[PDB]
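Colleague: Right, I'll just put the structure down here and ask away after.
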Amino acid sequence: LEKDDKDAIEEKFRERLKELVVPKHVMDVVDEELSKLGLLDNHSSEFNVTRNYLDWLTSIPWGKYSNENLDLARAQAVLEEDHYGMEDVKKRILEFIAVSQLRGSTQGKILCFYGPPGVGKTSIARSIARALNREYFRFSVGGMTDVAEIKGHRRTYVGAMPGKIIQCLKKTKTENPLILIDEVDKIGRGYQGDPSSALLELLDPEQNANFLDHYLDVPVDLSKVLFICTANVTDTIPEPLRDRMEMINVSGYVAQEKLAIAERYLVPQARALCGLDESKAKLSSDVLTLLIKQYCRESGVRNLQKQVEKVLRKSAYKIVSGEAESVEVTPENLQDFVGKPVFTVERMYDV
Amino acid sequence: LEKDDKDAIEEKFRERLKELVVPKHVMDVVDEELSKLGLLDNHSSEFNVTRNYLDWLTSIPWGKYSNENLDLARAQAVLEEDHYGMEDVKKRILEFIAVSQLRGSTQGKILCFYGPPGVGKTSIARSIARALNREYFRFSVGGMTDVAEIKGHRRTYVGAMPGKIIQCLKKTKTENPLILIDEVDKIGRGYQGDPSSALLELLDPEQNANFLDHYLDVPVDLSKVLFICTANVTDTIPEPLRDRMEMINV
Ligand SMILES: Nc1ncnc2c1ncn2[C@@H]1O[C@H](COP(=O)(O)OP(=O)(O)OP(O)(O)=S)[C@@H](O)[C@H]1O
Ligand SMILES: Nc1ncnc2c1ncn2[C@@H]1O[C@H](COP(=O)(O)OP(=O)(O)OP(O)(O)=S)[C@@H](O)[C@H]1O
Ligand SMILES: [Mg+2]
Ligand SMILES: [Mg+2]
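For the protein sequence lines, the chains are B and C, in the order given.
Those letters in the first sequence? Residues 409 to 759, per the entry's author numbering, in order.
Those letters in the second sequence? Residues 409 to 658, per the entry's author numbering, in order.
This is the structure in structure tokens:
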């Protein structure tokens with residue numbers, strides 16, 4: 409077993425590294441460690457750390473890129489297909505694809521939506537990632553207070569693994585994932601190395617190219633990512649970190665727009681969810697108008713979500729074991745069919 | 409000792425996996441960990457760690473569904489006899505089962521109760537779980553501050569164990585237990601990682617499907633669950649969290 413066994417894996421790391429355009433910072437560090445692996449007995453207690461370190465270091469993609477759809481004409485459709493309104497964020501992504509159409513190679517940026525809850529902030533990134541066609545990911549940071557998740561540990565410790573971003577980058581083979589940090593403003597104070605101190609080193613647009621996770625210390629390029637971050641309010645963020653990234657402000661909706669979203673997605677979205685059908689559980693557009701005028705006039709689009717869902721489920725139970733084979737919601741019933749209205753119709757002096 | 413060995417623990421895990429209908433995603437992580445176990449020397453700190461983490465990955469049910477009852481009036485009996493009145497909630501759950509019976513497969517939701525103390529808000533939960541047949545579980549959050557309790561720890565720490573809900577879930581084989589958070593108003597805040605920062609990830613009606621626990625990183629779909637939350641006065645709850653979950657006033 410002089411040439412057997414060890415030669416297999418040592419060749420294996422070659423093969424997996426062949427196709428990549430390995431950066432020169434790494435290519436020195438790799439092969440000498442492969443030599444060190446070639447020296448020692450397979451059962452040597454260190455061998456299982458080195459065999460691990462290569463398995464990560466051979467595996468994280470190095471300059472491999474998932475070519476993105478570039479034409480914006482077709483981008484308009486898919487960007488619109490799954491959300492309505494929100495024109496300014498649509499325009500910002502259109503600008504980004506425009507620039508990337510201009511200067512050849514793909515390139516990243518950072519952004520930070522923020523605004524009223526339920527505007528659609530978290531609900532868009534999946535759409536964008538389908539739009540550009542760069543690989544999606546998501547990574548909530550809410551309440552996190554341990555920097556190790558953004559960094560990893562030193563590999564001296566048993567079982568140490570690289571910071572979460574590297575696990576992402578392995579799991580989404582392309583080098584330019586659409587990372588989506590989330591709920592940034594509610595990130596915790598860990599009272600010993602809180603994460604806000606960490607994030608600045610990642611998110612700085614110029615310094616980002618040399619992020620260095622503690623586990624495998626070799627620098628990784630990261631300009632290509634398109635980070636996105638969201639928060640319902642933008643005061644908790646420390647001042648420099650607030651400086652680092654653009655703050656698009658998602659807008660709250662208005663009752664014309666609420667009705668607009670209503671017919672297009674919401675009612676179908678839940679009618680399929682409950683299994684009802686057209687002509688068995690019909691809703692007038694005037695019922696949808698009245699729900700907004702009376703029962704829900706808040707900036708979000710969750711509240712109306714719950715009204716228009718409950719209105720269906722009442723009909724659900726009212727059919728399957730009730731006496732009517734088909735409900736037909738009409739305005740005359742709503743005051744009882746959903747509860748008493750919140751908003752009053754301010755009609756005091758008609759005389 | 410029945411010849412304890414690498415291939416034996418590898419088998420017992422493998423056999424344990426079969427009945428489950430695992431998501432294709434986590435199956436690959438398990439297959440890598442299995443090879444990494446087999447190569448690893450038997451007695452070493454890395455080995456016992458990785459064996460433990462793989463044990464947890466097999467222990468979590470994947471796709472098991474304790475049967476949800478379907479009959480309405482027969483459920484109405486068990487929801488009526490042991491708690492007088494409170495027509496609102498007894499009507500709500502009845503509507504919900506009417507839907508779940510209608511659209512085939514079981515499906516979760518989320519909701520919350522609020523009102524004067526002693527109205528029975530906590531009392532009704534176990535009656536519900538007996539009515540719909542979902543396995544019960546409860547865990548007060550009152551006064552809790554350490555966020556890790558609902559998200560575990562990194563697993564490279566010596567004794568780290570997965571967050572609370574996963575412990576709730578391994579013990580009761582259903583993928584759809586009726587978790588019953590209690591006293592949401594009085595979660596700890598203002599000096600350590602607020603649990604409220606974390607709860608949004610759970611209670612998001614749709615995004616919960618990729619809840620991601622620190623210990624076992626692999627996303628844990630839990631959309632089928634039926635959370636319930638209680639709080640005698642609905643003011644201390646920060647607004648974004650109050651958005652997620654429909655209020656009901658006994
Ligand atoms: N223009 C839109 N079209 C369709 N659905 C929308 C739109 N805007 C918002 N939504 C809905 O908003 C819901 C939640 O989206 P989210 O962005 O998660 O809400 P949110 O604004 O992130 O609130 P948070 O979680 O407090 S930051 C989803 O059910 C979407 O369907
Ligand atoms: N309709 C009812 N039938 C029978 N017992 C009831 C009813 N409503 C309330 N109770 C009683 O309410 C008592 C306590 O119920 P709880 O739900 O704990 O009250 P509570 O409203 O939860 O108050 P908390 O603990 O401050 S939130 C039990 O002894 C029940 O027997
Ligand atoms: Mg959100
Ligand atoms: Mg109680």
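Don't be surprised by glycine CBs; every beta carbon is placed ideally from N, CA and C.
Looking at C-alpha atoms only, which residue of B:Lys632, B:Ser729, B:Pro469 and B:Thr738 is the closest neighbour of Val695 of chain B?
Modeller: The residue given as residue 695 of chain B occupies position 287 in the first sequence. For the residues B:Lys632, B:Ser729, B:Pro469 and B:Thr738, the minimum Cα distance to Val695 of chain B belongs to B:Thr738.
Colleague: What do you reckon, is the C-beta of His561 of chain B under 7 Å from a heavy atom of ligand 2?
Modeller: By one-based count along the first sequence, residue 561 of chain B stands at place 153. Checking every heavy atom of ligand 2 against the Cβ of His561 of chain B, none is found closer than 7 Å.
Colleague: Only counting the same chain, and skipping five residues up and downstream in sequence, which positions put a Cβ closer than 6 Å to that of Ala639 of chain C?
Modeller: As a first step, residue 639 of chain C must be located in the second sequence, where it is residue number 231. Counting only Cβ-Cβ distances below 6 Å, and skipping sequence neighbours, we find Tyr522, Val592 and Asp593.
Colleague: Using a Cβ cut-off of 7 Å, pull out every chain B residue sitting near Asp651 of chain C, in sequence order please.
Modeller: Residue 651 of chain C sits at position 243 when you count from the first residue of the second sequence. Simply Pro525, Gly526, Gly708 and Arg710.
Colleague: Listed in chain order, which residues are found with a beta carbon closer than 6 Å to a heavy atom of ligand 2?
Modeller: Going by the Cβ distance cut-off, the answer is C:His491, C:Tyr492, C:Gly493, C:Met494, C:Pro525, C:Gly526, C:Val527, C:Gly528, C:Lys529, C:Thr530, C:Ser531, C:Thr638 and C:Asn640.
Colleague: Could you name the residues of the same chain whose beta carbon sits closer than 7 Å to that of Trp464 of chain B, not counting the 5 residues immediately before and after it, in chain order?
Modeller: Indexing the first sequence from 1 puts residue 464 of chain B at position 56. Here the set comprises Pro570 and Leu624.
Colleague: Enumerate, from N- to C-terminal direction, the unbroken alpha helix (DSSP H) stretches of 4 or more residues contained entirely within the region 487-543 of chain C.
Modeller: Listed in chain order, they are 495-510 and 531-540.
Colleague: Is there at least one Cβ from chain B nearer than 8 Å to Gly601 of chain C's Cβ?
Modeller: For the purposes of this step, residue 601 of chain C is taken as the residue at position 193 of the second sequence. Chain B, which has a Cβ nearer than 8 Å to the Cβ of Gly601 of chain C, makes this yes.
Colleague: Would you decide whether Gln515 of chain B is buried or exposed? Buried here means 16 or more other CB atoms lie within 10 Å of its CB.
Modeller: In the first sequence, the residue the question calls residue 515 of chain B occupies position 107. Per the 10 Å Cβ criterion, exposed.
Colleague: By the 10 Å Cβ neighbour count, where 16 or more other Cβ atoms means buried, how is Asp643 of chain B classified, buried or exposed?
Modeller: On the first sequence, position 235 is the one that residue 643 of chain B refers to. Exposed, since its Cβ has fewer than 16 Cβ neighbours within 10 Å.
Colleague: If contacts are defined as beta-carbon pairs under 8 Å, then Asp651 of chain C and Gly708 of chain B qualify, I think. What distance do you get, rounded to the angstrom?
Modeller: In the second sequence, counting from the first residue as 1, residue 651 of chain C sits at position 243. In the first sequence, counting from the first residue as 1, residue 708 of chain B sits at position 300. Contact holds; Cβ gap of about 6 Å.
Colleague: Is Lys632 of chain B close to chain C, meaning its C-beta is less than 8 Å from at least one C-beta of that chain?
Modeller: For the purposes of this step, residue 632 of chain B is taken as residue 224 along the first sequence, with counting starting at 1. So, not an interface residue.
Colleague: Just to confirm my understanding: we take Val641 of chain B, look at its own chain, exclude 5 residues before and 5 after, and list those with CB closer than 8 Å. What are they?
Modeller: Stepping through the first sequence from its first residue, residue 641 of chain B is reached at position 233. For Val641 of chain B, where only same-chain residues beyond five positions count, the Cβ hits under 8 Å are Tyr522 and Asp593.
Colleague: Taking Cβ-Cβ distances below 7 Å as the criterion, which residues of the region 430-452 of chain B are in contact with chain C?
Modeller: Result list: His451.
Colleague: Excluding sequence positions up to five away, which residues of its chain have a Cβ less than 8 Å from the Cβ of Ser535 of chain C?
Modeller: Within the second sequence, numbered from 1, the residue matching residue 535 of chain C stands at position 127. For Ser535 of chain C, where only same-chain residues beyond five positions count, the Cβ hits under 8 Å are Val486, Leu487, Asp490 and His491.
Colleague: Please report the residue range of the alpha helix (DSSP H) in which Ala732 of chain B lies.
Modeller: Counting from 1 along the first sequence, the entry for residue 732 of chain B is found at position 324. Looking at the DSSP string, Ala732 of chain B is not in any alpha helix (DSSP H), and its letter there is neither H nor E.
Colleague: Between which two residues does the alpha helix (DSSP H) containing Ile727 of chain B stretch?
Modeller: For the purposes of this step, residue 727 of chain B is taken as residue 319 along the first sequence, with counting starting at 1. Segment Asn711 to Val728, the alpha helix (DSSP H) holding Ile727 of chain B.
Colleague: Determine whether the Cβ of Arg563 of chain C lies closer than 8 Å to any Cβ atom of chain B.
Modeller: One-based indexing of the second sequence puts residue 563 of chain C at position 155. Chain B contact via Cβ: present.
Colleague: For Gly596 of chain B, which residues of its own chain have a beta-carbon under 8 Å away from its beta-carbon, when the five flanking residues on both sides are left out?
Modeller: Numbered from its first residue, the first sequence carries residue 596 of chain B at position 188. Answer for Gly596 of chain B: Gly551, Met552, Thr553, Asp602 and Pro603, listed in chain order.
Colleague: DSSP three-state label for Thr582 of chain B, please.
Modeller: Stepping through the first sequence from its first residue, residue 582 of chain B is reached at position 174. Coil.
Colleague: Hey, is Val737 of chain B close to ligand 1, as in C-beta under 7 Å from one of its heavy atoms?
Modeller: Translated into the one-based positions of the first sequence, residue 737 of chain B becomes position 329. No - ligand 1 has no heavy atom lying nearer than 7 Å to the Cβ of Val737 of chain B.
Colleague: Given 7 Å as the limit, tell me if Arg710 of chain B has its C-beta closer than that to any heavy atom belonging to ligand 1.
Modeller: Against the first sequence, residue 710 of chain B aligns to sequence position 302. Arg710 of chain B Cβ: within cutoff of ligand 1.
Colleague: Are the CB atoms of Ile700 of chain B and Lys722 of chain B nearer to each other than 8 Å?
Modeller: Sequence index remark: in the first sequence, residue 700 of chain B carries index 292 (1-based). Sequence index remark: in the first sequence, residue 722 of chain B carries index 314 (1-based). Taking 8 Å as the Cβ cut-off, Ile700 of chain B and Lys722 of chain B do not qualify as a contacting pair.
Colleague: Contact between the region 668-684 of chain B and the region 613-621 of chain B is defined here as three or more beta-carbon pairs at a separation below 8 Å; is this criterion met?
Modeller: Contact fails: fewer than three Cβ-Cβ distances are below 8 Å.
Colleague: Please go through the region 550-620 of chain B and give each complete alpha helix (DSSP H) segment of 4 or more residues, from N-terminal end onward.
Modeller: As far as the region 550-620 of chain B is concerned, its whole alpha helix (DSSP H) runs of at least 4 residues are 556-559, 572-579 and 603-611.
Colleague: How is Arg546 of chain C classed by DSSP in three states: helix, strand or coil?
Modeller: Within the second sequence, residue 546 of chain C is the residue found at index 138, counting from 1. Three-state result, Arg546 of chain C: strand.
Colleague: Out of B:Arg562, B:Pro431, B:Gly567 and B:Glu543, which one is the CA nearest neighbour of residue 760 of chain B?
Modeller: The structure shown does not extend to residue 760 of chain B, since chain B spans only 409 to 759, so no value can be given for it.
Colleague: How about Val626 of chain C: is its C-beta nearer than 8 Å to some C-beta of chain B?
Modeller: Mapped onto the second sequence, residue 626 of chain C falls at position 218. Judged by the 8 Å Cβ criterion, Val626 of chain C is not in contact with chain B.
Colleague: Starting from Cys682 of chain B, trace the alpha helix (DSSP H) in both directions and tell me its first and last residue.
Modeller: If you number the first sequence from 1, residue 682 of chain B lands on position 274. Residues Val675 to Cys682.
Colleague: Are three or more beta carbon pairs between the region 748-758 of chain B and the region 712-732 of chain B nearer than 8 Å?
Modeller: Touching, no.
Colleague: When the Cα atoms are used, what is the spatial distance from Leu588 of chain B to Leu630 of chain B?
Modeller: Walking along the first sequence from the start, residue 588 of chain B turns up at place 180. Walking along the first sequence from the start, residue 630 of chain B turns up at place 222. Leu588 of chain B and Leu630 of chain B: Cα-Cα distance of roughly 14 Å.
Colleague: Return the CA-CA distance between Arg538 of chain C and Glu423 of chain B, expressed in angstroms with no decimal places.
Modeller: Here the question's residue 538 of chain C lines up with position 130 in the second sequence. Here the question's residue 423 of chain B lines up with position 15 in the first sequence. Each residue's Cα considered, the two are about 58 Å apart.
Colleague: Rounding to the nearest angstrom, what Cα-Cα distance links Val626 of chain C and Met435 of chain B in this structure?
Modeller: Position 218 of the second sequence, counted from the start, is the residue given in the question as residue 626 of chain C. Position 27 of the first sequence, counted from the start, is the residue given in the question as residue 435 of chain B. Approximately 31 Å between the Cα atoms of the pair.
Colleague: I'd like to check one pair, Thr582 of chain B with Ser474 of chain B: are the Cβ atoms closer than 8 Å?
Modeller: For the purposes of this step, residue 474 of chain B is identified with residue 66 of the first sequence, where counting begins at 1. For the purposes of this step, residue 582 of chain B is identified with residue 174 of the first sequence, where counting begins at 1. Result yes, Cβ atoms of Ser474 of chain B and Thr582 of chain B sit closer than 8 Å.
Colleague: Interface residues of chain C around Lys714 of chain B at Cβ under 7 Å?
Modeller: To locate residue 714 of chain B, count along the first sequence from 1; it is residue 306. Neighbours of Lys714 of chain B on chain C, chain order: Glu654.
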